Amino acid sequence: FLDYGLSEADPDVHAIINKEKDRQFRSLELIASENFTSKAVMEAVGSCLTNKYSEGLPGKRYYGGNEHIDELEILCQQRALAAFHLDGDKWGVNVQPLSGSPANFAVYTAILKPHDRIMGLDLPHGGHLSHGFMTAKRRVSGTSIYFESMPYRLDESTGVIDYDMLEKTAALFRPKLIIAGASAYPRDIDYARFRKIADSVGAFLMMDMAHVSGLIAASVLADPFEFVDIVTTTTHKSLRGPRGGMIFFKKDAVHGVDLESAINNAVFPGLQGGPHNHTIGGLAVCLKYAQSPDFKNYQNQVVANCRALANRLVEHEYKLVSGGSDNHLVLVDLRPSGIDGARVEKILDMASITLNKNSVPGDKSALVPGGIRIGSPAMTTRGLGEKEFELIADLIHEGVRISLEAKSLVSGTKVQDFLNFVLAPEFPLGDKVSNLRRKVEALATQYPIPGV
């Protein structure tokens, strides 16, 4: 009967999407985990695929009516293996996980018993919550509730994974699973050394490639599939797809375990219910694109842009964690500047520069992020080049100077006092912020943005 378009069915939600669309258009989106997915992905995601229940696997379902859903799921699997240059007799893939966090949890449920041991990169050193996180007070991450996690750390003087200390701690702790891959690690991973450490204790070895999956597909970074047993990823970051997840696994037995059975059973019936076939349609689209020469070019540009930005930030005298980057991000250490990342993040956000505060090695308190994380994928997608990334670094720097100036004016010491002060109409640096914003937007609006 009536089936209005959005602008008619819900004018308020329509208006919100248009405001977000305009914010994306005019901003420098520098969140390392964000990207702009294509019109074609969004169209697959916003289709009738959302209507189908298809619990199980292709050909192996608990409902009728899944002929076309099976075709899509098979295609998406083939494309996943193709994008990562994988032999299908050696590697399988499950494309049903709903996001990165549940793809990881499904792996643990597949190969680990409750309270089995896991090692991942420490959260304050650039790791991800889903690999484990405990404070003195509480088990924060669900992974640390259901499993026993102990982190490994960077060498704080170099910003590089302290592989020698991991060698020793692994031997004492006896993890059943060692996880490589990170949220805010600016260097490539020594997969061979992980393999040697994992073998020293008979551990399973996994790479979580959520941040760098597109770079790996394009052969810009080293291939984790040469060394690891299991690879997890999100589909929304460097891969530039819909919000979702994937798990890849060896098909030959690993420590006597059939990883394919274990992982497919953990995803379903273990942890999830019906697959989101709309998300799978978008994933298939992005995985086609991931095989193209343009994508390889794009990913090489991501790294070149991040290098141009890193080099300019160094020229503005910023300290980078690890001294630089091999990938799509940099982590800036703002302690020498004398300001935290939460204050910087806000000022920059007010000038249309969106990044995130990020902890830094050496931070005294997790409640106070000492740095900022900046990535090139999103703005690279829009067509910015090396020179424009140098300008981004200059605009970031203007914003930090403004952050420092605004800090000096605030009475109270809480972040909430800063936020109230800087958002107040009578904020004295309103002109400096509006001036910066105009420059930020003048750059951003020169470029196209993908999407519907």
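Note that residue numbering follows the sequence shown and begins at 1.
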item: Mean C-alpha B-factor comparison - 319 to 327 and 104 to 112, higher one; value: 319 to 327
item: Comparing 292 to 300 with 364 to 372, the one whose average Cα B-factor in the PDB entry is higher; value: 364 to 372
item: Most elevated Cα B-factor in the entry, residues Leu30, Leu384, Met42, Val415; value: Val415
item: Selection by C-alpha B-factor (highest) of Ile161, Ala82, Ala136, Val231; value: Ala136
item: Entry-reported Cα temperature factor of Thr143, expressed as the chain third it lands in; value: lowest
item: Where the record places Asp188 (Cα B-factor, split into thirds across the chain); value: middle
item: Ranked against its chain, the third holding the CA B-factor of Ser359; value: highest
item: B-factor third for the C-alpha atom of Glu345 within its chain; value: highest
item: Where the record places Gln78 (Cα B-factor, split into thirds across the chain); value: middle
